[PDB]
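upload_5.txt (compact mmCIF, C-alpha atoms)
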# COMPACT_ATOMS: atom_id res chain seq x y z
CA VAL A 402 78.49 94.69 62.23
CA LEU A 403 81.18 94.55 59.53
CA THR A 404 83.35 91.52 58.84
CA UNK A 405 86.57 91.13 56.72
CA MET B 22 122.97 106.06 49.70
CA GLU B 23 120.49 104.43 52.04
CA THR B 24 122.16 102.41 54.78
CA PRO B 25 120.23 99.36 55.98
CA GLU B 26 119.44 99.17 59.66
CA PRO B 27 121.57 96.78 61.69
CA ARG B 28 120.36 93.20 61.10
CA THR B 29 118.13 91.79 63.78
CA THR B 30 116.11 88.74 64.91
CA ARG B 31 112.83 89.47 63.13
CA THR B 32 111.21 91.94 60.69
CA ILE B 33 107.42 91.87 60.35
CA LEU B 34 105.66 93.72 57.54
CA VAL B 35 101.96 94.47 57.86
CA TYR B 36 100.61 95.02 54.37
CA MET B 37 97.33 96.86 54.79
CA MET B 38 95.10 97.17 51.77
CA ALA B 39 92.55 99.52 53.24
CA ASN B 40 91.50 101.43 50.13
CA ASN B 41 87.95 100.14 50.78
CA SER B 42 85.26 100.03 53.56
CA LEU B 43 87.65 98.63 56.19
CA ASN B 44 89.45 101.99 56.50
CA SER B 45 88.37 102.92 60.03
CA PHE B 46 89.27 99.49 61.35
CA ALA B 47 92.82 99.64 59.86
CA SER B 48 93.39 102.78 61.91
CA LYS B 49 92.04 101.15 65.12
CA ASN B 50 94.26 98.14 64.38
CA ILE B 51 97.29 100.42 63.91
CA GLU B 52 96.39 101.97 67.32
CA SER B 53 96.51 98.50 68.83
CA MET B 54 99.84 97.81 67.15
CA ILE B 55 101.18 101.03 68.70
CA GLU B 56 100.04 99.88 72.16
CA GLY B 57 101.93 96.60 71.78
CA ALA B 58 105.05 97.68 69.95
CA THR B 59 107.19 98.70 72.97
CA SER B 60 110.93 98.21 72.94
CA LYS B 61 110.49 95.32 75.37
CA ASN B 62 107.82 93.63 73.22
CA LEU B 63 109.52 94.10 69.89
CA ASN B 64 112.47 92.35 71.41
CA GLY B 65 114.90 94.01 69.00
CA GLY B 66 112.83 93.38 65.92
CA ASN B 67 111.33 95.71 63.28
CA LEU B 68 107.62 96.47 62.81
CA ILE B 69 106.95 97.99 59.38
CA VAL B 70 103.48 98.89 58.09
CA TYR B 71 102.53 99.48 54.47
CA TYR B 72 99.35 101.48 54.88
CA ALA B 73 97.17 102.02 51.84
CA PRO B 74 94.10 103.99 53.01
CA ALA B 75 91.14 105.37 51.11
CA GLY B 76 91.46 108.93 49.91
CA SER B 77 95.22 109.35 50.25
CA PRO B 78 98.35 107.69 48.81
CA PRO B 79 100.02 104.76 50.50
CA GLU B 80 102.65 105.23 53.14
CA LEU B 81 105.42 103.15 54.61
CA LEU B 82 105.57 103.42 58.41
CA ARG B 83 107.91 102.23 61.09
CA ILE B 84 106.45 101.62 64.52
CA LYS B 85 109.18 101.94 67.15
CA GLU B 86 109.61 103.18 70.71
CA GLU B 87 112.00 106.15 71.00
CA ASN B 88 112.54 108.10 74.22
CA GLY B 89 109.83 106.19 76.01
CA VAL B 90 107.06 106.64 73.44
CA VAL B 91 106.00 104.36 70.59
CA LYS B 92 106.17 106.47 67.44
CA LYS B 93 104.48 105.95 64.07
CA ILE B 94 107.30 107.22 61.86
CA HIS B 95 106.75 108.08 58.20
CA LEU B 96 109.42 106.33 56.15
CA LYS B 97 108.10 106.84 52.59
CA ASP B 98 105.12 108.47 51.00
CA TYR B 99 104.28 106.65 47.78
CA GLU B 100 102.56 108.12 44.78
CA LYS B 101 99.23 106.59 43.79
CA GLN B 102 99.79 102.92 43.02
CA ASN B 103 97.83 99.71 42.76
CA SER B 104 98.59 97.89 46.02
CA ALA B 105 96.86 94.79 44.56
CA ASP B 106 99.37 94.57 41.69
CA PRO B 107 101.79 91.71 42.55
CA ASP B 108 104.73 93.73 41.28
CA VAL B 109 103.87 96.58 43.66
CA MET B 110 103.58 94.18 46.58
CA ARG B 111 106.92 92.61 45.67
CA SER B 112 108.56 96.02 45.38
CA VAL B 113 107.36 97.04 48.84
CA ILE B 114 108.52 93.74 50.31
CA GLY B 115 111.91 94.33 48.66
CA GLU B 116 112.22 97.84 50.13
CA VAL B 117 111.45 96.48 53.54
CA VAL B 118 113.68 93.41 53.44
CA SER B 119 116.59 95.47 52.14
CA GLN B 120 116.34 98.21 54.73
CA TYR B 121 115.35 95.97 57.71
CA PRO B 122 117.31 92.73 57.33
CA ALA B 123 116.60 89.95 59.83
CA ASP B 124 117.07 86.26 60.62
CA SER B 125 113.28 85.82 60.33
CA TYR B 126 110.56 87.58 58.37
CA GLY B 127 106.83 87.62 58.94
CA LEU B 128 104.01 89.00 56.84
CA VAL B 129 100.58 90.15 57.94
CA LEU B 130 98.23 90.43 54.99
CA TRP B 131 95.37 92.71 55.97
CA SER B 132 92.30 93.36 53.80
CA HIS B 133 89.09 91.85 52.54
CA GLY B 134 89.34 88.15 51.65
CA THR B 135 87.29 85.59 49.73
CA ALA B 136 89.55 82.50 49.74
CA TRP B 137 90.45 81.41 46.21
CA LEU B 138 87.27 82.75 44.72
CA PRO B 139 87.57 84.88 41.58
CA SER B 140 86.94 88.51 42.44
CA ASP B 141 84.12 88.51 39.87
CA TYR B 142 82.55 85.39 41.40
CA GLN B 143 79.09 86.95 41.34
CA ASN B 144 79.26 86.85 37.54
CA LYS B 145 79.93 83.09 37.61
CA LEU B 146 76.84 82.03 39.60
CA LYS B 147 73.79 82.32 37.32
CA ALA C 148 90.59 86.59 46.18
CA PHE C 149 92.57 88.72 48.57
CA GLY C 150 93.09 92.43 48.94
CA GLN C 151 90.81 95.09 47.57
CA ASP C 152 92.28 98.28 46.11
CA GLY C 153 89.69 100.38 44.32
CA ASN C 154 88.20 98.00 41.74
CA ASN C 155 91.29 95.76 41.67
CA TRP C 156 91.84 92.53 43.62
CA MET C 157 94.58 89.96 43.90
CA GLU C 158 93.42 86.61 42.67
CA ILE C 159 95.03 83.80 44.66
CA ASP C 160 97.48 82.94 41.87
CA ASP C 161 98.36 86.67 41.53
CA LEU C 162 99.07 86.83 45.27
CA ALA C 163 101.43 83.92 44.90
CA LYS C 164 103.31 85.95 42.23
CA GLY C 165 103.60 88.90 44.62
CA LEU C 166 105.34 86.84 47.25
CA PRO C 167 108.92 85.72 47.19
CA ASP C 168 109.51 82.02 47.68
CA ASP C 169 111.03 80.71 51.01
CA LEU C 170 111.44 84.13 52.58
CA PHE C 171 108.71 84.46 55.19
CA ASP C 172 108.52 82.17 58.16
CA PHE C 173 104.82 82.94 58.38
CA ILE C 174 101.89 84.67 56.76
CA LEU C 175 99.05 85.83 58.94
CA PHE C 176 95.86 86.67 57.07
CA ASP C 177 93.81 89.32 58.83
CA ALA C 178 91.04 88.74 56.34
CA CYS C 179 87.98 86.61 55.88
CA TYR C 180 87.94 83.11 54.42
CA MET C 181 91.68 82.65 53.77
CA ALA C 182 92.12 79.35 55.71
CA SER C 183 91.22 77.48 52.54
CA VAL C 184 93.10 74.34 51.54
CA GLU C 185 93.39 75.69 48.00
CA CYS C 186 94.90 78.95 49.25
CA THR C 187 97.36 77.27 51.59
CA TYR C 188 98.40 74.96 48.74
CA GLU C 189 98.86 77.87 46.32
CA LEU C 190 101.01 79.61 48.90
CA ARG C 191 102.86 76.54 50.20
CA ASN C 192 106.28 77.82 49.13
CA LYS C 193 105.69 81.33 50.46
CA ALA C 194 105.78 80.56 54.20
CA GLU C 195 106.40 77.68 56.56
CA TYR C 196 103.20 78.56 58.44
CA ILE C 197 99.91 80.16 57.48
CA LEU C 198 97.72 81.51 60.24
CA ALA C 199 94.24 82.38 59.04
CA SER C 200 90.47 82.10 59.52
CA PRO C 201 88.30 79.75 57.47
CA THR C 202 85.21 81.91 58.01
CA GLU C 203 84.54 85.58 58.59
CA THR C 204 86.36 87.62 61.19
CA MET C 205 84.83 90.57 62.92
CA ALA C 206 86.00 93.91 61.48
CA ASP C 207 87.74 94.65 64.81
CA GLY C 208 90.17 92.03 63.56
CA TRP C 209 93.07 90.54 65.38
CA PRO C 210 94.20 91.82 68.84
CA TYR C 211 97.55 93.30 67.79
CA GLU C 212 98.41 94.76 71.19
CA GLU C 213 98.41 91.36 72.84
CA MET C 214 99.82 89.54 69.83
CA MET C 215 102.84 91.81 69.54
CA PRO C 216 105.23 90.30 72.14
CA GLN C 217 104.28 86.81 70.86
CA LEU C 218 104.90 87.78 67.21
CA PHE C 219 108.42 89.07 68.07
CA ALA C 220 109.35 86.34 70.53
CA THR C 221 112.62 84.43 70.04
CA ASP C 222 110.63 81.23 70.35
CA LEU C 223 107.90 82.18 67.87
CA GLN C 224 104.91 79.87 68.34
CA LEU C 225 102.09 80.85 66.04
CA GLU C 226 99.72 78.62 67.92
CA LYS C 227 100.07 81.11 70.80
CA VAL C 228 99.26 83.98 68.46
CA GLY C 229 96.16 82.12 67.20
CA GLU C 230 95.14 81.34 70.79
CA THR C 231 95.40 85.06 71.63
CA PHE C 232 93.05 85.80 68.69
CA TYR C 233 90.58 83.08 69.71
CA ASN C 234 90.55 83.95 73.39
CA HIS C 235 89.85 87.59 72.52
CA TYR C 236 86.53 86.69 70.96
CA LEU C 237 85.50 84.60 74.00
CA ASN C 238 82.78 85.80 76.33
CA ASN C 239 82.32 88.77 74.04
CA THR C 240 79.19 90.35 72.51
CA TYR C 241 80.27 88.99 69.16
CA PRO C 242 81.80 85.69 70.29
CA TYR C 243 82.52 84.46 66.82
CA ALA C 244 85.95 83.46 65.62
CA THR C 245 87.60 80.64 63.75
CA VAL C 246 91.32 80.12 63.31
CA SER C 247 93.76 77.54 62.06
CA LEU C 248 97.50 77.17 61.61
CA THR C 249 98.74 75.25 58.57
CA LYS C 250 102.26 73.85 58.33
CA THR C 251 102.95 74.15 54.60
CA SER C 252 105.68 71.48 54.41
CA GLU C 253 103.00 68.87 55.13
CA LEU C 254 100.75 69.91 52.25
CA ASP C 255 102.43 67.74 49.67
CA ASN C 256 101.66 64.55 51.67
CA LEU C 257 98.12 65.84 52.15
CA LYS C 258 97.83 66.48 48.42
CA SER C 259 98.83 62.87 47.70
CA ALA C 260 96.21 61.52 50.12
CA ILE C 261 93.52 63.64 48.55
CA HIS C 262 94.62 62.80 45.02
CA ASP C 263 94.19 59.13 45.73
CA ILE C 264 90.55 59.84 46.79
CA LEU C 265 89.44 62.40 44.23
CA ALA C 266 91.32 61.76 40.99
CA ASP C 267 89.15 58.77 40.02
CA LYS C 268 85.82 60.31 41.05
CA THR C 269 83.37 61.63 38.46
CA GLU C 270 81.87 65.09 38.40
CA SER C 271 78.39 63.55 38.59
CA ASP C 272 79.42 61.81 41.80
CA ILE C 273 80.67 65.10 43.28
CA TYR C 274 77.54 66.95 42.09
CA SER C 275 75.31 64.38 43.74
CA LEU C 276 76.50 65.04 47.26
CA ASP C 277 73.83 65.94 49.81
CA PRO C 278 74.85 69.38 51.21
CA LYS C 279 73.04 68.63 54.48
CA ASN C 280 75.83 66.16 55.32
CA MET C 281 78.57 68.79 55.15
CA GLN C 282 79.28 71.87 57.27
CA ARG C 283 78.85 75.04 55.21
CA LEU C 284 81.44 77.68 56.18
CA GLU C 285 80.75 80.49 53.73
CA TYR C 286 77.79 82.76 53.14
CA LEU C 287 79.06 85.44 50.77
CA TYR C 288 76.51 87.72 49.17
CA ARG C 289 74.67 86.00 46.27
CA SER C 290 76.43 82.69 47.04
CA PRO C 291 74.48 79.41 47.17
CA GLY C 292 77.24 78.04 49.38
CA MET C 293 80.54 77.07 47.85
CA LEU C 294 83.02 76.54 50.66
CA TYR C 295 82.52 73.68 53.03
CA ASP C 296 84.48 72.04 55.77
CA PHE C 297 87.36 70.15 54.11
CA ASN C 298 87.07 67.02 56.31
CA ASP C 299 83.31 66.76 55.81
CA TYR C 300 83.69 66.84 52.01
CA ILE C 301 86.42 64.23 51.89
CA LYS C 302 84.53 62.00 54.36
CA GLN C 303 81.73 61.66 51.79
CA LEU C 304 84.13 60.29 49.16
CA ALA C 305 86.84 58.23 50.94
CA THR C 306 86.94 54.53 51.91
CA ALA C 307 87.66 53.84 55.62
CA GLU C 308 91.33 53.26 54.87
CA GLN C 309 91.61 56.31 52.56
CA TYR C 310 89.91 58.41 55.22
CA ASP C 311 92.27 57.17 57.94
CA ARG C 312 95.26 58.15 55.74
CA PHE C 313 93.65 61.56 55.08
CA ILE C 314 93.16 62.28 58.78
CA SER C 315 96.76 61.32 59.51
CA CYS C 316 97.94 63.83 56.89
CA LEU C 317 95.42 66.49 57.89
CA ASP C 318 96.55 66.41 61.50
CA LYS C 319 100.17 66.94 60.42
CA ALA C 320 99.19 69.91 58.27
CA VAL C 321 96.68 71.63 60.56
CA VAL C 322 98.70 71.81 63.68
CA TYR C 323 96.39 74.14 65.58
CA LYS C 324 92.75 75.10 65.17
CA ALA C 325 89.96 76.59 67.23
CA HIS C 326 86.41 77.74 66.74
CA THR C 327 83.66 79.34 68.72
CA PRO C 328 80.33 77.44 68.79
CA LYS C 329 78.93 79.74 66.08
CA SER C 330 80.37 81.87 63.25
CA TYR C 331 78.88 85.20 62.16
CA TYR C 332 78.18 85.96 58.51
CA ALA C 333 77.65 89.57 57.52
CA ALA C 334 75.48 88.75 54.47
CA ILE C 335 72.82 87.16 56.71
CA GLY C 336 73.29 89.20 59.92
CA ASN C 337 73.30 86.03 61.97
CA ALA C 338 75.64 83.54 63.52
CA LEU C 339 75.21 79.87 62.59
CA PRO C 340 76.45 76.78 64.43
CA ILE C 341 79.62 75.04 63.54
CA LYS C 342 78.90 71.35 64.03
CA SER C 343 82.05 69.99 62.39
CA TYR C 344 85.36 71.83 62.09
CA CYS C 345 88.80 70.91 60.75
CA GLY C 346 90.25 74.40 60.28
CA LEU C 347 90.20 74.56 56.48
CA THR C 348 87.57 74.95 53.79
CA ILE C 349 87.36 73.38 50.35
CA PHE C 350 85.34 74.11 47.21
CA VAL C 351 82.50 71.71 46.69
CA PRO C 352 81.77 71.80 42.92
CA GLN C 353 78.07 72.07 42.00
CA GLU C 354 76.25 71.29 38.80
CA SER C 355 74.66 74.75 38.84
CA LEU C 356 78.09 76.49 38.97
CA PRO C 357 79.95 75.40 35.82
CA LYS C 358 81.69 78.77 35.31
CA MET C 359 83.07 78.60 38.83
CA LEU C 360 84.47 75.13 38.22
CA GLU C 361 86.03 76.24 34.93
CA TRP C 362 87.85 79.08 36.65
CA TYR C 363 88.87 76.76 39.53
CA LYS C 364 90.35 74.20 37.13
CA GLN C 365 92.42 76.76 35.25
CA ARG C 366 93.47 79.15 38.00
CA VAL C 367 93.60 77.20 41.28
CA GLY C 368 96.62 74.85 41.48
CA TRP C 369 94.90 72.46 43.87
CA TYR C 370 92.46 71.35 41.17
CA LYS C 371 95.00 69.77 38.83
CA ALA C 372 97.00 68.53 41.84
CA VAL C 373 94.22 66.33 43.28
CA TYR C 374 91.50 65.86 40.64
CA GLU C 375 93.85 64.81 37.82
Would you write the structure of this file as structure tokens?
Amino acid sequence: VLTX
Amino acid sequence: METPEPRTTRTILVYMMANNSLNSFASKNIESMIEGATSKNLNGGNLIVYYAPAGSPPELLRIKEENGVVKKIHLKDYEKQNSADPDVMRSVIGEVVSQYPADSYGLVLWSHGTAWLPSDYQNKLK
Amino acid sequence: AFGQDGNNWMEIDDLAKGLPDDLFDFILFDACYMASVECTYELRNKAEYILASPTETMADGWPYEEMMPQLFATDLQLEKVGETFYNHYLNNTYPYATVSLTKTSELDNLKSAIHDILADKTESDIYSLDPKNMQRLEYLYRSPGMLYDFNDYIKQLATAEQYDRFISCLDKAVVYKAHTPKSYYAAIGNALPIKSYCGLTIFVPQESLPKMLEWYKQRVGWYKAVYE
């Protein structure tokens, strides 16, 4: 999953 | 002439630098802003979004309930500009503060972040 | 850095140039890694409060729907807004969130406390520190680990009395913080435990990273403020  | 909106309690600007891989999430986050930004919840204040997506030029948006529906109103369509240039950020802030004066201002800075690290930090490791 | 637009970024000192002084009551960073003592210091005159995460935040980001009435309240309490963020990521499939609220007016006193610890220390002393004693809070791609828990770093270098002064100042500056038991790092596809947590990170200089330290000394205001 992507993070910022 | 442009006439500023009547002064209010608070103006919040969300500055969304989404010209990158976070694009889809900026749009989901704007959806969530729309769900929350009722007349009752905004409590008289202004919610302004600077939205800089991938693939199209930036836009200035006002999120406000009118006639029982929260609208995402296009204020300004910018030409292509570097949203990471401090002078562009300052200019946008100035547009917003001028047109939406308030007793209090808030800023949401939305994008990728790496603390203080230089953006070319990978070049400074080996 | 903050804010990616094509190839261009805002370095932390560039971001400070983009922000008027004394205008905003608060800045909320919906972004990874921005609850950094260096970043809050650089931006100390840009807001009275900075609400941010010291680690990575899931791409789903902050819960704006629930935050909205709190953000526009007459009695704005950013601790409530941070609590809304934190509680969102509780019993969740990705229960990983860190948040802190920094009161910028207290950073000058904190700077003085840190200066009195660090300014007389040598680089060899700093380079010698055992990383196993400090909580790592950053796992960027290609990084050997640069950002550590601020309290853990200072604890390795302060006398008991210096440390007591530091904690007094730190508690006035970091007025709210929260963390889940683990934090998730995209570059390793795993969540790792947070054993020690003060709400802010700091750079731990390393002998193997001289170019990073050079850039830090010249471009990050915190360096000259507390190491010189």
Please report as CSV every residue of chain C lying within 8 Å of chain B, along with the nearest atom pair and their distance in Å (one decimal), using only C-alpha atoms.
residue,atom,partner,partner_atom,distance
C:148,CA,B:135,CA,4.9
C:149,CA,B:134,CA,4.5
C:150,CA,B:132,CA,5.0
C:151,CA,B:133,CA,6.2
C:152,CA,B:40,CA,5.2
C:153,CA,B:40,CA,6.2
C:155,CA,B:105,CA,6.3
C:156,CA,B:105,CA,5.6
C:157,CA,B:105,CA,5.4
C:158,CA,B:139,CA,6.2
C:159,CA,B:137,CA,5.4
C:161,CA,B:107,CA,6.2
C:162,CA,B:107,CA,6.2
C:164,CA,B:107,CA,6.0
C:165,CA,B:107,CA,3.9
C:166,CA,B:111,CA,6.2
C:167,CA,B:111,CA,7.3
C:170,CA,B:126,CA,6.8
C:171,CA,B:126,CA,4.8
C:172,CA,B:127,CA,5.8
C:173,CA,B:127,CA,5.1
C:174,CA,B:128,CA,4.8
C:175,CA,B:129,CA,4.7
C:176,CA,B:130,CA,4.9
C:177,CA,B:131,CA,4.7
C:178,CA,B:134,CA,5.0
C:179,CA,B:134,CA,4.7
C:180,CA,B:136,CA,5.0
C:181,CA,B:136,CA,4.6
C:182,CA,B:136,CA,7.2
C:183,CA,B:136,CA,6.0
C:185,CA,B:137,CA,6.7
C:186,CA,B:137,CA,5.9
C:206,CA,B:46,CA,6.5
C:207,CA,B:46,CA,6.1
C:208,CA,B:50,CA,7.4
C:209,CA,B:50,CA,7.8
C:210,CA,B:53,CA,7.1
C:211,CA,B:54,CA,5.1
C:212,CA,B:57,CA,4.0
C:213,CA,B:57,CA,6.4
C:214,CA,B:57,CA,7.6
C:215,CA,B:57,CA,5.4
C:216,CA,B:62,CA,4.4
C:219,CA,B:63,CA,5.5
C:220,CA,B:64,CA,6.8
C:221,CA,B:30,CA,7.6
C:289,CA,B:143,CA,6.7
C:290,CA,B:146,CA,7.5
C:355,CA,B:146,CA,7.6
C:356,CA,B:146,CA,5.7
C:357,CA,B:145,CA,7.9
C:358,CA,B:145,CA,5.2
C:359,CA,B:145,CA,5.6
C:362,CA,B:139,CA,7.6
C:367,CA,B:137,CA,7.2
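Distances to chain A were evaluated for C:287, C:190, C:225, C:237 using all atoms listed in the file, and the minimum falls at C:287.
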### Query
With all atoms listed in the file as the basis for distance, which of B:117, B:69, B:101, B:44 is at the shortest distance from chain A?
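Between B:117, B:69, B:101, B:44, the residue approaching chain A most closely is B:44.
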Next on the checklist: Can you tell me which residues surround residue 267 of chain C at a distance of at most 8 Å, considering only C-alpha atoms, apart from same-chain residues fewer than 2 positions away, and format the answer as an MDAnalysis selection string?
Outcome noted: chainID C and resid 263:265 269 374:375
Could you give me, as a PyMOL selection string, the residues within 10 Å of residue 402 of chain A, counting all atoms listed in the file and dropping anything in the same chain fewer than 6 positions from it? chain C and resi 205-207+241+331-333+336
*asked:* Applying 7 Å and only C-alpha atoms, which residues near residue 281 of chain C remain after dropping the ones on its own chain fewer than 6 positions away? List them as number ranges by chain.
replied: C: 295-296, 299-300
**Message:** Using Å and a single decimal, report how far atom CA of residue 247 of chain C sits from atom CA of residue 317 of chain C.
**Reply:**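 Atom CA of residue 247 of chain C lies 11.9 Å from atom CA of residue 317 of chain C.
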Atom CA of residue 256 of chain C to atom CA of residue 364 of chain C measures 20.8 Å
Using the structure just given, write a file holding N, CA, C and O atoms for chain A, as a PDB file, in the first residue's frame.
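File produced: out.pdb:
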ATOM      1  N   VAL A 402       0.833  -1.199   0.000  1.00  0.00           N
ATOM      2  CA  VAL A 402       0.000   0.000   0.000  1.00  0.00           C
ATOM      3  C   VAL A 402       0.872   1.255   0.000  1.00  0.00           C
ATOM      4  O   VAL A 402       1.972   1.258   0.565  1.00  0.00           O
ATOM      5  N   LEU A 403       0.384   2.313  -0.645  1.00  0.00           N
ATOM      6  CA  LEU A 403       1.137   3.556  -0.770  1.00  0.00           C
ATOM      7  C   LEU A 403       1.128   4.347   0.536  1.00  0.00           C
ATOM      8  O   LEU A 403       0.180   4.275   1.325  1.00  0.00           O
ATOM      9  N   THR A 404       2.208   5.084   0.762  1.00  0.00           N
ATOM     10  CA  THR A 404       2.258   6.051   1.853  1.00  0.00           C
ATOM     11  C   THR A 404       2.572   7.421   1.272  1.00  0.00           C
ATOM     12  O   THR A 404       3.054   7.514   0.134  1.00  0.00           O
ATOM     13  N   UNK A 405       2.557   8.486   2.070  1.00  0.00           N
ATOM     14  CA  UNK A 405       2.853   9.871   1.637  1.00  0.00           C
ATOM     15  C   UNK A 405       4.261  10.263   2.011  1.00  0.00           C
ATOM     16  O   UNK A 405       4.593  11.445   1.929  1.00  0.00           O
TER      17      UNK A 405
END
